[PDB]
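S.K.: What follows is structure33.pdb, PDB, C-alpha atoms.
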```
MODEL        1
ATOM      1  CA  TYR A  10       0.000   0.000   0.000
ATOM      2  CA  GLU A  11       2.500   2.602   1.185
ATOM      3  CA  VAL A  12       5.341   1.108  -0.848
ATOM      4  CA  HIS A  13       4.818  -1.105  -3.907
ATOM      5  CA  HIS A  14       7.510  -2.238  -6.363
ATOM      6  CA  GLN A  15       7.449  -4.915  -9.066
ATOM      7  CA  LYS A  16      10.258  -6.090 -11.344
ATOM      8  CA  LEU A  17       9.870  -8.654 -14.133
ATOM      9  CA  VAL A  18      12.672  -9.881 -16.389
ATOM     10  CA  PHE A  19      12.388 -12.309 -19.305
ATOM     11  CA  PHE A  20      15.540 -13.441 -21.101
ATOM     12  CA  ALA A  21      16.110 -16.112 -23.753
ATOM     13  CA  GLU A  22      19.140 -16.788 -25.955
ATOM     14  CA  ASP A  23      20.411 -19.331 -28.496
ATOM     15  CA  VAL A  24      17.167 -21.094 -29.415
ATOM     16  CA  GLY A  25      17.152 -23.371 -32.470
ATOM     17  CA  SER A  26      20.445 -21.815 -33.592
ATOM     18  CA  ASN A  27      23.387 -23.531 -35.292
ATOM     19  CA  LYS A  28      26.938 -22.447 -34.454
ATOM     20  CA  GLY A  29      28.562 -25.723 -35.536
ATOM     21  CA  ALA A  30      28.434 -27.553 -38.869
ATOM     22  CA  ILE A  31      25.531 -29.474 -40.409
ATOM     23  CA  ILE A  32      26.091 -31.499 -43.579
ATOM     24  CA  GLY A  33      23.949 -34.087 -45.355
ATOM     25  CA  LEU A  34      26.805 -36.151 -46.752
ATOM     26  CA  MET A  35      30.401 -35.911 -47.919
ATOM     27  CA  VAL A  36      32.623 -38.143 -50.058
ATOM     28  CA  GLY A  37      36.413 -38.104 -50.333
ATOM     29  CA  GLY A  38      36.221 -39.130 -53.987
ATOM     30  CA  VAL A  39      35.236 -41.831 -56.466
ATOM     31  CA  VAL A  40      37.554 -43.754 -58.787
TER
ATOM     32  CA  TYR B  10      -1.114   3.512  -3.343
ATOM     33  CA  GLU B  11       1.345   6.142  -2.129
ATOM     34  CA  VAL B  12       4.223   4.670  -4.130
ATOM     35  CA  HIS B  13       3.756   2.455  -7.198
ATOM     36  CA  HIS B  14       6.483   1.349  -9.625
ATOM     37  CA  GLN B  15       6.479  -1.324 -12.331
ATOM     38  CA  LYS B  16       9.322  -2.472 -14.579
ATOM     39  CA  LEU B  17       8.987  -5.034 -17.378
ATOM     40  CA  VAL B  18      11.827  -6.236 -19.602
ATOM     41  CA  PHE B  19      11.595  -8.659 -22.525
ATOM     42  CA  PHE B  20      14.777  -9.764 -24.286
ATOM     43  CA  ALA B  21      15.399 -12.427 -26.934
ATOM     44  CA  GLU B  22      18.460 -13.072 -29.104
ATOM     45  CA  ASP B  23      19.781 -15.602 -31.634
ATOM     46  CA  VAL B  24      16.563 -17.389 -32.591
ATOM     47  CA  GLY B  25      16.602 -19.663 -35.650
ATOM     48  CA  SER B  26      19.895 -18.076 -36.732
ATOM     49  CA  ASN B  27      22.869 -19.767 -38.401
ATOM     50  CA  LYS B  28      26.403 -18.654 -37.521
ATOM     51  CA  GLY B  29      28.066 -21.914 -38.589
ATOM     52  CA  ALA B  30      27.991 -23.734 -41.927
ATOM     53  CA  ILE B  31      25.122 -25.682 -43.503
ATOM     54  CA  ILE B  32      25.738 -27.697 -46.671
ATOM     55  CA  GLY B  33      23.635 -30.296 -48.474
ATOM     56  CA  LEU B  34      26.527 -32.341 -49.835
ATOM     57  CA  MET B  35      30.132 -32.065 -50.967
ATOM     58  CA  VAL B  36      32.395 -34.276 -53.082
ATOM     59  CA  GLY B  37      36.188 -34.205 -53.313
ATOM     60  CA  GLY B  38      36.047 -35.224 -56.970
ATOM     61  CA  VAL B  39      35.115 -37.931 -59.465
ATOM     62  CA  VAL B  40      37.475 -39.832 -61.761
TER
ATOM     63  CA  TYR C  10       1.122  -3.521   3.339
ATOM     64  CA  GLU C  11       3.651  -0.928   4.487
ATOM     65  CA  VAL C  12       6.450  -2.459   2.421
ATOM     66  CA  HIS C  13       5.881  -4.674  -0.625
ATOM     67  CA  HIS C  14       8.533  -5.832  -3.109
ATOM     68  CA  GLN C  15       8.422  -8.513  -5.806
ATOM     69  CA  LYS C  16      11.194  -9.716  -8.114
ATOM     70  CA  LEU C  17      10.755 -12.281 -10.894
ATOM     71  CA  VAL C  18      13.521 -13.535 -13.181
ATOM     72  CA  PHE C  19      13.183 -15.961 -16.091
ATOM     73  CA  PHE C  20      16.305 -17.125 -17.921
ATOM     74  CA  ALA C  21      16.822 -19.804 -20.574
ATOM     75  CA  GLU C  22      19.820 -20.508 -22.811
ATOM     76  CA  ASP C  23      21.043 -23.064 -25.361
ATOM     77  CA  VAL C  24      17.774 -24.800 -26.239
ATOM     78  CA  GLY C  25      17.707 -27.083 -29.292
ATOM     79  CA  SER C  26      20.999 -25.556 -30.452
ATOM     80  CA  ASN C  27      23.906 -27.300 -32.183
ATOM     81  CA  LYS C  28      27.477 -26.246 -31.386
ATOM     82  CA  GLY C  29      29.060 -29.543 -32.481
ATOM     83  CA  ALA C  30      28.880 -31.362 -35.814
ATOM     84  CA  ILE C  31      25.946 -33.266 -37.316
ATOM     85  CA  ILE C  32      26.456 -35.304 -40.485
ATOM     86  CA  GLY C  33      24.262 -37.863 -42.247
ATOM     87  CA  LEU C  34      27.092 -39.960 -43.661
ATOM     88  CA  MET C  35      30.676 -39.749 -44.872
ATOM     89  CA  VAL C  36      32.850 -42.006 -47.031
ATOM     90  CA  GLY C  37      36.637 -42.000 -47.348
ATOM     91  CA  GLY C  38      36.397 -43.027 -50.999
ATOM     92  CA  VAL C  39      35.363 -45.725 -53.462
ATOM     93  CA  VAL C  40      37.639 -47.673 -55.805
TER
ATOM     94  CA  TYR D  10      35.094 -54.724 -72.545
ATOM     95  CA  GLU D  11      37.702 -53.054 -70.343
ATOM     96  CA  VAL D  12      35.343 -50.932 -68.248
ATOM     97  CA  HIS D  13      32.224 -48.934 -69.086
ATOM     98  CA  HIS D  14      28.642 -48.144 -68.053
ATOM     99  CA  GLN D  15      28.913 -46.186 -64.799
ATOM    100  CA  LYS D  16      25.967 -44.653 -62.939
ATOM    101  CA  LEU D  17      26.361 -42.397 -59.894
ATOM    102  CA  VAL D  18      23.523 -40.749 -57.963
ATOM    103  CA  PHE D  19      23.737 -38.190 -55.152
ATOM    104  CA  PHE D  20      20.609 -37.180 -53.242
ATOM    105  CA  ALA D  21      20.196 -34.801 -50.294
ATOM    106  CA  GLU D  22      16.941 -33.355 -48.954
ATOM    107  CA  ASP D  23      15.668 -31.402 -45.946
ATOM    108  CA  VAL D  24      18.934 -30.237 -44.369
ATOM    109  CA  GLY D  25      18.826 -27.627 -41.593
ATOM    110  CA  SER D  26      15.219 -26.794 -42.519
ATOM    111  CA  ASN D  27      12.396 -25.696 -40.209
ATOM    112  CA  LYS D  28       8.894 -27.062 -40.827
ATOM    113  CA  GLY D  29       7.768 -26.704 -37.203
ATOM    114  CA  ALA D  30       7.613 -23.679 -34.904
ATOM    115  CA  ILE D  31      10.487 -21.949 -33.104
ATOM    116  CA  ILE D  32       9.633 -19.316 -30.490
ATOM    117  CA  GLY D  33      12.036 -17.465 -28.201
ATOM    118  CA  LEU D  34       9.373 -17.044 -25.509
ATOM    119  CA  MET D  35       5.601 -16.980 -25.014
ATOM    120  CA  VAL D  36       3.662 -14.990 -22.416
ATOM    121  CA  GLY D  37      -0.103 -14.986 -21.906
ATOM    122  CA  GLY D  38      -0.795 -11.861 -19.880
ATOM    123  CA  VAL D  39       0.814  -9.721 -17.192
ATOM    124  CA  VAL D  40      -1.123  -8.335 -14.210
TER
ATOM    125  CA  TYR E  10      34.973 -58.748 -69.383
ATOM    126  CA  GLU E  11      37.616 -57.154 -67.167
ATOM    127  CA  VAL E  12      35.309 -54.988 -65.062
ATOM    128  CA  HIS E  13      32.244 -52.906 -65.897
ATOM    129  CA  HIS E  14      28.680 -52.030 -64.866
ATOM    130  CA  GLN E  15      28.994 -50.095 -61.604
ATOM    131  CA  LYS E  16      26.084 -48.500 -59.738
ATOM    132  CA  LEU E  17      26.529 -46.274 -56.677
ATOM    133  CA  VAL E  18      23.729 -44.564 -54.746
ATOM    134  CA  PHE E  19      24.002 -42.026 -51.919
ATOM    135  CA  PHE E  20      20.894 -40.948 -50.008
ATOM    136  CA  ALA E  21      20.538 -38.574 -47.050
ATOM    137  CA  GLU E  22      17.318 -37.054 -45.708
ATOM    138  CA  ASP E  23      16.090 -35.087 -42.690
ATOM    139  CA  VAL E  24      19.380 -34.014 -41.100
ATOM    140  CA  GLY E  25      19.331 -31.415 -38.312
ATOM    141  CA  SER E  26      15.749 -30.487 -39.236
ATOM    142  CA  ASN E  27      12.950 -29.330 -36.930
ATOM    143  CA  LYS E  28       9.416 -30.605 -37.561
ATOM    144  CA  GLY E  29       8.289 -30.240 -33.937
ATOM    145  CA  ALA E  30       8.209 -27.225 -31.620
ATOM    146  CA  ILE E  31      11.122 -25.579 -29.805
ATOM    147  CA  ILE E  32      10.329 -22.938 -27.179
ATOM    148  CA  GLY E  33      12.773 -21.159 -24.875
ATOM    149  CA  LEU E  34      10.116 -20.689 -22.185
ATOM    150  CA  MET E  35       6.346 -20.530 -21.699
ATOM    151  CA  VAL E  36       4.452 -18.508 -19.091
ATOM    152  CA  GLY E  37       0.689 -18.408 -18.590
ATOM    153  CA  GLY E  38       0.074 -15.280 -16.548
ATOM    154  CA  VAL E  39       1.729 -13.198 -13.844
ATOM    155  CA  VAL E  40      -0.179 -11.779 -10.858
TER
ATOM    156  CA  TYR F  10      34.761 -62.782 -66.231
ATOM    157  CA  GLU F  11      37.444 -61.257 -64.010
ATOM    158  CA  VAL F  12      35.184 -59.056 -61.885
ATOM    159  CA  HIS F  13      32.168 -56.894 -62.724
ATOM    160  CA  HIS F  14      28.627 -55.936 -61.695
ATOM    161  CA  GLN F  15      28.984 -54.020 -58.422
ATOM    162  CA  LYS F  16      26.114 -52.367 -56.548
ATOM    163  CA  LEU F  17      26.609 -50.164 -53.478
ATOM    164  CA  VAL F  18      23.853 -48.393 -51.539
ATOM    165  CA  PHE F  19      24.186 -45.872 -48.707
ATOM    166  CA  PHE F  20      21.107 -44.733 -46.789
ATOM    167  CA  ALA F  21      20.802 -42.362 -43.824
ATOM    168  CA  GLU F  22      17.618 -40.775 -42.470
ATOM    169  CA  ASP F  23      16.435 -38.789 -39.448
ATOM    170  CA  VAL F  24      19.750 -37.795 -37.861
ATOM    171  CA  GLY F  25      19.763 -35.209 -35.062
ATOM    172  CA  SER F  26      16.202 -34.198 -35.981
ATOM    173  CA  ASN F  27      13.432 -32.989 -33.663
ATOM    174  CA  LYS F  28       9.870 -34.183 -34.291
ATOM    175  CA  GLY F  29       8.759 -33.806 -30.659
ATOM    176  CA  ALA F  30       8.742 -30.792 -28.342
ATOM    177  CA  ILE F  31      11.693 -29.212 -26.528
ATOM    178  CA  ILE F  32      10.962 -26.567 -23.891
ATOM    179  CA  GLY F  33      13.447 -24.852 -21.584
ATOM    180  CA  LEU F  34      10.804 -24.329 -18.891
ATOM    181  CA  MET F  35       7.040 -24.091 -18.396
ATOM    182  CA  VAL F  36       5.194 -22.031 -15.786
ATOM    183  CA  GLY F  37       1.438 -21.855 -15.276
ATOM    184  CA  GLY F  38       0.886 -18.716 -13.226
ATOM    185  CA  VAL F  39       2.595 -16.686 -10.514
ATOM    186  CA  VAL F  40       0.724 -15.234  -7.519
TER
ENDMDL
END
```
Let me see the structure of the file written as structure tokens.
M.R.:
Amino acid sequence: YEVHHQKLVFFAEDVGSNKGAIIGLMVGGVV
Amino acid sequence: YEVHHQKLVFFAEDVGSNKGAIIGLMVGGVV
Amino acid sequence: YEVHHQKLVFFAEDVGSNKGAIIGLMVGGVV
Amino acid sequence: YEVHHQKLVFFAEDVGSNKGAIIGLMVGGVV
Amino acid sequence: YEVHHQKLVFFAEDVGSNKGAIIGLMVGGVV
Amino acid sequence: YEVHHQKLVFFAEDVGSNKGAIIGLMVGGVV
């Protein structure tokens, strides 16, 4: 009543992100 | 009543982002 | 009543993210 | 007669794609 | 007669893909 | 007659994929 304070913090980071390497397939070579 | 304060913070970063490398396929060579 | 304080913090990080390496298949070579 | 008739096929599909839903954060209502 | 008739097939599908739902955080309501 | 007729098949599917649901945290309501 006399004193009322409210603090709300929402934080999200790195969701569904790719920092590495994604590859379907790789071949050294064909002979 | 006498004192009323409200603080709301929403923060989001790096969602569905690609900082690495994505490749379908790679081949050294064919002979 | 006289004094009222509320603090809420929500934090999430690294969800469904890939920092390593994902590959379907790899072959040294075919002869 | 030595060597002939070679057939090579490479196929890659759906790599690093998003068909679903990616959301950093969801909030109904506040106060 | 020596060596011929070679058939090679490479197939990769659905690598590092998201068909579901990825959410950093979900909140109904606050106060 | 020496050596011929070779058939090689490589198949990879659904690697590191998400068809379900991944959530960092879920909260109904607060106060």
S.K.: Pull the closest atom pair for each residue of chain E that gets at most 9 Å from region 23-37 of chain D, along with the distance in Å to one decimal, counting all atoms listed in the file, ordering rows by chain and then ascending residue number, as JSON lines.
M.R.:
```
{"residue": "E:21", "atom": "CA", "partner": "D:23", "partner_atom": "CA", "distance": 8.7}
{"residue": "E:22", "atom": "CA", "partner": "D:23", "partner_atom": "CA", "distance": 5.9}
{"residue": "E:23", "atom": "CA", "partner": "D:23", "partner_atom": "CA", "distance": 4.9}
{"residue": "E:24", "atom": "CA", "partner": "D:24", "partner_atom": "CA", "distance": 5.0}
{"residue": "E:25", "atom": "CA", "partner": "D:25", "partner_atom": "CA", "distance": 5.0}
{"residue": "E:26", "atom": "CA", "partner": "D:25", "partner_atom": "CA", "distance": 4.8}
{"residue": "E:27", "atom": "CA", "partner": "D:27", "partner_atom": "CA", "distance": 4.9}
{"residue": "E:28", "atom": "CA", "partner": "D:29", "partner_atom": "CA", "distance": 4.2}
{"residue": "E:29", "atom": "CA", "partner": "D:29", "partner_atom": "CA", "distance": 4.8}
{"residue": "E:30", "atom": "CA", "partner": "D:30", "partner_atom": "CA", "distance": 4.9}
{"residue": "E:31", "atom": "CA", "partner": "D:31", "partner_atom": "CA", "distance": 4.9}
{"residue": "E:32", "atom": "CA", "partner": "D:32", "partner_atom": "CA", "distance": 5.0}
{"residue": "E:33", "atom": "CA", "partner": "D:33", "partner_atom": "CA", "distance": 5.0}
{"residue": "E:34", "atom": "CA", "partner": "D:34", "partner_atom": "CA", "distance": 5.0}
{"residue": "E:35", "atom": "CA", "partner": "D:35", "partner_atom": "CA", "distance": 4.9}
{"residue": "E:36", "atom": "CA", "partner": "D:36", "partner_atom": "CA", "distance": 4.9}
{"residue": "E:37", "atom": "CA", "partner": "D:37", "partner_atom": "CA", "distance": 4.8}
{"residue": "E:38", "atom": "CA", "partner": "D:37", "partner_atom": "CA", "distance": 5.4}
{"residue": "E:39", "atom": "CA", "partner": "D:37", "partner_atom": "CA", "distance": 8.5}
```
S.K.: So what do you get for CA of residue 19 (chain D) versus CA of residue 10 (chain F), distance-wise?
M.R.: 29.1 Å
S.K.: Would you mind reading off the distance between CA of residue 20 (chain C) and CA of residue 12 (chain A), one decimal, in Å?
M.R.: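 The value is 27.3 Å.
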S.K.: For region 20-31 of chain E, I'd like the enclosing box, axis-aligned and padded by 5 Å on every side, reported as JSON with centre and edge lengths in Å to one decimal.
M.R.:
```
{"center_x": 14.6, "center_y": -33.3, "center_z": -39.9, "size_x": 22.7, "size_y": 25.4, "size_z": 30.2}
```
S.K.: Could you please determine the separation between CA of residue 17 (chain C) and CA of residue 11 (chain A) in Å, to one decimal place?
M.R.: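 So the two atoms, CA of residue 17 (chain C) and CA of residue 11 (chain A), lie 20.9 Å apart.
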S.K.: Just so the selection is clear, what residues does the PyMOL selection byres ((chain A and resi 16) around 10) cover here, as number ranges by chain?
M.R.: A: 14-15, 17-18; B: 14-18; C: 14-18
S.K.: Take the residues from that selection and put them in a file with C-alpha atoms, as a PDB file, in the coordinates of the input.
M.R.:
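Saved as part-v7.pdb:
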```
ATOM      1  CA  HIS A  14       7.510  -2.238  -6.363  1.00  0.00           C
ATOM      2  CA  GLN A  15       7.449  -4.915  -9.066  1.00  0.00           C
ATOM      3  CA  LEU A  17       9.870  -8.654 -14.133  1.00  0.00           C
ATOM      4  CA  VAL A  18      12.672  -9.881 -16.389  1.00  0.00           C
TER       5      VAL A  18
ATOM      6  CA  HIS B  14       6.483   1.349  -9.625  1.00  0.00           C
ATOM      7  CA  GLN B  15       6.479  -1.324 -12.331  1.00  0.00           C
ATOM      8  CA  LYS B  16       9.322  -2.472 -14.579  1.00  0.00           C
ATOM      9  CA  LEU B  17       8.987  -5.034 -17.378  1.00  0.00           C
ATOM     10  CA  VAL B  18      11.827  -6.236 -19.602  1.00  0.00           C
TER      11      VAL B  18
ATOM     12  CA  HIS C  14       8.533  -5.832  -3.109  1.00  0.00           C
ATOM     13  CA  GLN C  15       8.422  -8.513  -5.806  1.00  0.00           C
ATOM     14  CA  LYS C  16      11.194  -9.716  -8.114  1.00  0.00           C
ATOM     15  CA  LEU C  17      10.755 -12.281 -10.894  1.00  0.00           C
ATOM     16  CA  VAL C  18      13.521 -13.535 -13.181  1.00  0.00           C
TER      17      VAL C  18
END
```
S.K.: Would you mind completing region 13-37 of chain F to N, CA, C and O atoms and writing the output as a PDB file, in the coordinates of the input?
M.R.:
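What landed in result08.pdb:
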```pdb
ATOM      1  N   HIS F  13      33.049 -57.963 -62.264  1.00  0.00           N
ATOM      2  CA  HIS F  13      32.168 -56.894 -62.724  1.00  0.00           C
ATOM      3  C   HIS F  13      30.806 -56.984 -62.041  1.00  0.00           C
ATOM      4  O   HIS F  13      30.527 -57.946 -61.325  1.00  0.00           O
ATOM      5  N   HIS F  14      29.968 -55.975 -62.277  1.00  0.00           N
ATOM      6  CA  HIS F  14      28.627 -55.936 -61.695  1.00  0.00           C
ATOM      7  C   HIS F  14      28.686 -55.674 -60.191  1.00  0.00           C
ATOM      8  O   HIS F  14      28.535 -56.590 -59.382  1.00  0.00           O
ATOM      9  N   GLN F  15      28.905 -54.411 -59.830  1.00  0.00           N
ATOM     10  CA  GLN F  15      28.984 -54.020 -58.422  1.00  0.00           C
ATOM     11  C   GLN F  15      27.863 -53.044 -58.085  1.00  0.00           C
ATOM     12  O   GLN F  15      27.606 -52.106 -58.838  1.00  0.00           O
ATOM     13  N   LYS F  16      27.198 -53.258 -56.953  1.00  0.00           N
ATOM     14  CA  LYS F  16      26.114 -52.367 -56.548  1.00  0.00           C
ATOM     15  C   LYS F  16      26.276 -51.959 -55.084  1.00  0.00           C
ATOM     16  O   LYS F  16      26.251 -52.806 -54.192  1.00  0.00           O
ATOM     17  N   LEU F  17      26.443 -50.660 -54.842  1.00  0.00           N
ATOM     18  CA  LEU F  17      26.609 -50.164 -53.478  1.00  0.00           C
ATOM     19  C   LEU F  17      25.507 -49.167 -53.137  1.00  0.00           C
ATOM     20  O   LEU F  17      25.197 -48.284 -53.935  1.00  0.00           O
ATOM     21  N   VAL F  18      24.918 -49.304 -51.952  1.00  0.00           N
ATOM     22  CA  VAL F  18      23.853 -48.393 -51.539  1.00  0.00           C
ATOM     23  C   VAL F  18      24.085 -47.846 -50.132  1.00  0.00           C
ATOM     24  O   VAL F  18      24.286 -48.606 -49.184  1.00  0.00           O
ATOM     25  N   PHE F  19      24.020 -46.525 -50.002  1.00  0.00           N
ATOM     26  CA  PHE F  19      24.186 -45.872 -48.707  1.00  0.00           C
ATOM     27  C   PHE F  19      22.895 -45.141 -48.361  1.00  0.00           C
ATOM     28  O   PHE F  19      22.374 -44.387 -49.180  1.00  0.00           O
ATOM     29  N   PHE F  20      22.359 -45.376 -47.169  1.00  0.00           N
ATOM     30  CA  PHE F  20      21.107 -44.733 -46.789  1.00  0.00           C
ATOM     31  C   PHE F  20      21.132 -44.241 -45.342  1.00  0.00           C
ATOM     32  O   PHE F  20      21.384 -45.013 -44.418  1.00  0.00           O
ATOM     33  N   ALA F  21      20.843 -42.955 -45.158  1.00  0.00           N
ATOM     34  CA  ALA F  21      20.802 -42.362 -43.824  1.00  0.00           C
ATOM     35  C   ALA F  21      19.578 -41.457 -43.714  1.00  0.00           C
ATOM     36  O   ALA F  21      19.308 -40.664 -44.617  1.00  0.00           O
ATOM     37  N   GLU F  22      18.822 -41.587 -42.628  1.00  0.00           N
ATOM     38  CA  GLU F  22      17.618 -40.775 -42.470  1.00  0.00           C
ATOM     39  C   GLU F  22      17.317 -40.444 -41.010  1.00  0.00           C
ATOM     40  O   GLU F  22      17.505 -41.272 -40.119  1.00  0.00           O
ATOM     41  N   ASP F  23      16.811 -39.232 -40.788  1.00  0.00           N
ATOM     42  CA  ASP F  23      16.435 -38.789 -39.448  1.00  0.00           C
ATOM     43  C   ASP F  23      17.620 -38.771 -38.485  1.00  0.00           C
ATOM     44  O   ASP F  23      17.646 -39.532 -37.518  1.00  0.00           O
ATOM     45  N   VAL F  24      18.587 -37.895 -38.738  1.00  0.00           N
ATOM     46  CA  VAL F  24      19.750 -37.795 -37.861  1.00  0.00           C
ATOM     47  C   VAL F  24      19.793 -36.434 -37.166  1.00  0.00           C
ATOM     48  O   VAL F  24      19.909 -35.398 -37.820  1.00  0.00           O
ATOM     49  N   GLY F  25      19.716 -36.446 -35.838  1.00  0.00           N
ATOM     50  CA  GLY F  25      19.763 -35.209 -35.062  1.00  0.00           C
ATOM     51  C   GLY F  25      18.543 -34.329 -35.333  1.00  0.00           C
ATOM     52  O   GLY F  25      18.625 -33.105 -35.242  1.00  0.00           O
ATOM     53  N   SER F  26      17.420 -34.950 -35.679  1.00  0.00           N
ATOM     54  CA  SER F  26      16.202 -34.198 -35.981  1.00  0.00           C
ATOM     55  C   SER F  26      15.251 -34.158 -34.786  1.00  0.00           C
ATOM     56  O   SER F  26      15.298 -35.024 -33.913  1.00  0.00           O
ATOM     57  N   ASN F  27      14.390 -33.141 -34.755  1.00  0.00           N
ATOM     58  CA  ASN F  27      13.432 -32.989 -33.663  1.00  0.00           C
ATOM     59  C   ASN F  27      11.990 -32.996 -34.166  1.00  0.00           C
ATOM     60  O   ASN F  27      11.531 -32.024 -34.764  1.00  0.00           O
ATOM     61  N   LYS F  28      11.272 -34.083 -33.893  1.00  0.00           N
ATOM     62  CA  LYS F  28       9.870 -34.183 -34.291  1.00  0.00           C
ATOM     63  C   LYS F  28       8.952 -33.993 -33.081  1.00  0.00           C
ATOM     64  O   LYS F  28       7.737 -33.873 -33.231  1.00  0.00           O
ATOM     65  N   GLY F  29       9.537 -33.974 -31.883  1.00  0.00           N
ATOM     66  CA  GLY F  29       8.759 -33.806 -30.659  1.00  0.00           C
ATOM     67  C   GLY F  29       8.781 -32.356 -30.193  1.00  0.00           C
ATOM     68  O   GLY F  29       8.826 -31.441 -31.005  1.00  0.00           O
ATOM     69  N   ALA F  30       8.737 -32.149 -28.881  1.00  0.00           N
ATOM     70  CA  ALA F  30       8.742 -30.792 -28.342  1.00  0.00           C
ATOM     71  C   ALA F  30       9.850 -30.599 -27.307  1.00  0.00           C
ATOM     72  O   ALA F  30       9.983 -31.386 -26.372  1.00  0.00           O
ATOM     73  N   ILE F  31      10.621 -29.525 -27.469  1.00  0.00           N
ATOM     74  CA  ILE F  31      11.693 -29.212 -26.528  1.00  0.00           C
ATOM     75  C   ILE F  31      11.419 -27.850 -25.900  1.00  0.00           C
ATOM     76  O   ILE F  31      11.350 -26.843 -26.601  1.00  0.00           O
ATOM     77  N   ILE F  32      11.247 -27.821 -24.583  1.00  0.00           N
ATOM     78  CA  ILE F  32      10.962 -26.567 -23.891  1.00  0.00           C
ATOM     79  C   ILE F  32      11.912 -26.351 -22.718  1.00  0.00           C
ATOM     80  O   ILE F  32      12.093 -27.236 -21.883  1.00  0.00           O
ATOM     81  N   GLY F  33      12.518 -25.170 -22.661  1.00  0.00           N
ATOM     82  CA  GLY F  33      13.447 -24.852 -21.584  1.00  0.00           C
ATOM     83  C   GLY F  33      12.757 -24.889 -20.222  1.00  0.00           C
ATOM     84  O   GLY F  33      13.313 -25.405 -19.253  1.00  0.00           O
ATOM     85  N   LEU F  34      11.545 -24.341 -20.150  1.00  0.00           N
ATOM     86  CA  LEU F  34      10.804 -24.329 -18.891  1.00  0.00           C
ATOM     87  C   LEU F  34       9.357 -23.897 -19.110  1.00  0.00           C
ATOM     88  O   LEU F  34       9.064 -23.106 -20.006  1.00  0.00           O
ATOM     89  N   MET F  35       8.456 -24.426 -18.284  1.00  0.00           N
ATOM     90  CA  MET F  35       7.040 -24.091 -18.396  1.00  0.00           C
ATOM     91  C   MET F  35       6.483 -23.658 -17.043  1.00  0.00           C
ATOM     92  O   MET F  35       6.689 -24.332 -16.035  1.00  0.00           O
ATOM     93  N   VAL F  36       5.775 -22.535 -17.025  1.00  0.00           N
ATOM     94  CA  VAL F  36       5.194 -22.031 -15.786  1.00  0.00           C
ATOM     95  C   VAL F  36       3.737 -21.649 -16.003  1.00  0.00           C
ATOM     96  O   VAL F  36       3.415 -20.903 -16.927  1.00  0.00           O
ATOM     97  N   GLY F  37       2.857 -22.159 -15.152  1.00  0.00           N
ATOM     98  CA  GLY F  37       1.438 -21.855 -15.276  1.00  0.00           C
ATOM     99  C   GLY F  37       1.169 -20.393 -14.948  1.00  0.00           C
ATOM    100  O   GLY F  37       1.000 -19.559 -15.846  1.00  0.00           O
TER     101      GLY F  37
END
```
